[PDB]
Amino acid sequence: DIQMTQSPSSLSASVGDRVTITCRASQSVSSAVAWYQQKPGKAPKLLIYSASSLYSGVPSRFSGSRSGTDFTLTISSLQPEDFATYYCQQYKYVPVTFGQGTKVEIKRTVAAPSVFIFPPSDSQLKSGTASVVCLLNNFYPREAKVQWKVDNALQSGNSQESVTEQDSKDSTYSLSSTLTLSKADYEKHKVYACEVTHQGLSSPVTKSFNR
């Protein structure tokens, strides 16, 4: 078929920057290209068609371009509204095919994570398994490493992260990391610590507990 590879695939900038997304097509698709914005948990919306025509009700700042098999979407100055993911679509050949997306975020000044740790509850221990939850709150950028050391030991595939989208009045992400053990395993050891690394905190922080 036609592969439509969006180049940048993720990119940071601030309200008023001039961003450009690109999308290269496997072969000549003429100008049969559309561009789409999708906000999280919400259905994709149509921005540009025929590669260069602005859809009705779309801000002037969005612009489509074409150079043979290469297509660009530029935004001349980001607004608070239009922080989302963007796909290109060729529609010159069944099967029409999209791209992988390009996430655009706020690119604020760095902010450290409010890092915590939560032991498991009495309610959950009576159930036969133990989850212990480390929380990273209100930080930028999104990148962050978390390591669970139970008795200063590497988490051997027993943890799981999860993270929101950044957008808020303060432009920051948050992230939880959940280590899940069976009560049998949990009660053996005593030292449950969570080490966090982030480019807003020099010396890697470690919260712990014993219960």
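The first residue of the sequence shown is number 1, and the count goes up from there.
- Remark: stretch with higher mean C-alpha B factor among 105 to 113 and 137 to 145 is 105 to 113.
- Between the stretches 66 to 74 and 149 to 157, it is 149 to 157 that shows the larger average CA temperature factor.
- The PDB entry assigns the greatest CA B-factor among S176, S28, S53, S168 to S168.
- In the deposited entry, the Cα temperature factor of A130 sits in the middle third of values across the chain's modelled residues.
- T85: CA B factor lies in the middle third for its chain, per the PDB record.
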